[PDB]
């Protein structure tokens, strides 16, 4: 049994693909594999009060199909919360509600996802040219192989730690913050250092401040203060479906301009309201004569070592150009992520995938990796296209249109 398409990973990106597949009139067979027990959308960072960074209109389907049974509006309606949500007049749902939306959409799907199923490798199918790939899936009980004419790799962002710092029992990456935090005794985390100046760092520091009245926090970041995230309407157009075209068709010079001017729409920046909330908290503590939030600006965490009852953090101060040590109980590195990279999963197939000048994967407008003639099977990327398709690649901005384009590309080829 050869599938038209196999999806690796089941986050929002492949969920929207499943939705696109179901809504399409095209009869395409598919299978999806997720290594976790169920949809798990950055649960380590499901902090109380966490808000979506994207308007509810940018959901699984709406921009493609304005009357989808899988829209956020349909979800709210079924949950009997549409009226309540509309009364709020807020475009940005909480992360908790969006996580629900995903699970609700997944249940509504006809298809059935295979969970606890980790893709361990992707191999050339039989024959030359290669017309299919073999997908090696490992479950808790067994291992198996599925064959598909196309594969969509959507395995998500990859946590990045500071250079010279490794995760450990007392050094966590923000992506695992709640995993570790719920285990430890509250009275054992009285001193926390959080490295970073982005949304994760801000959200974690705010949470620590709100969670216990006596926690002391050291917010260590390279900027002089949090930088506001830009989602004003003109800059925000870089996330438009049509902006994918502008970026893709644009010269390298134009692509560089997008990053140079609008990186602050997503990377190393913090939502306005979270910034203001943090500033108010700091101010009130001052008024109360009980400061707890220590902002260590113009600085980088450069090392961590466990010394007895202390996690000893080495901090480099740019202002003085010298490093020094800071003792805390835990170091949380909210130091961001690297883009998805299909390389590892691809193995041997990588030989047939064409790279650019800077040694990155060449990808077509329809999200299909460029391959030599030796490979005829479609390898599509949802994620890992920052350099070809632009800043929407790792985000929720363009799920509906990308998934629709991928489905269309596959139908166009099959036939």
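Under this definition, the rigid core comprises the largest set of C-alpha atoms superposing within 1.5 Å between the forms. Numbering follows the first chain given and starts at 1.
Larger average C-alpha displacement in 5 other deposited structures of this protein, relative to the shown form after a rigid core fit, is seen for 354-362 when comparing 354-362 with 54-62.
Looking at 266-274 and 106-114, the one farther from the shown form in 5 other deposited structures of this protein by average CA distance, after a rigid core fit, turns out to be 266-274. Checked against the record, the higher mean CA B factor of 254-262 and 118-126 lies with 118-126.
Between 229-237 and 337-345, the higher mean Cα B-factor belongs to 337-345. Each of 268, 138, 294, 223 has a CA temperature factor in the record; the biggest one is found at 138. If you compare the C-alpha temperature factors of 155, 199, 167, 175 in the entry, 167 comes out highest.
Placement of the Cα temperature factor of residue 397 within the chain: lowest third of the modelled residues, per the deposited record. In the deposited entry, the Cα temperature factor of residue 216 places it in the middle third of its chain's modelled residues. In the PDB entry, a CA B factor belonging to the lowest third of its chain's modelled residues is recorded for residue 272. In the deposited entry, the Cα temperature factor of residue 189 sits in the top third of values across the chain's modelled residues. Among the modelled residues of its chain, residue 53 has a C-alpha B-factor that falls in the lowest third, as given in the PDB entry.
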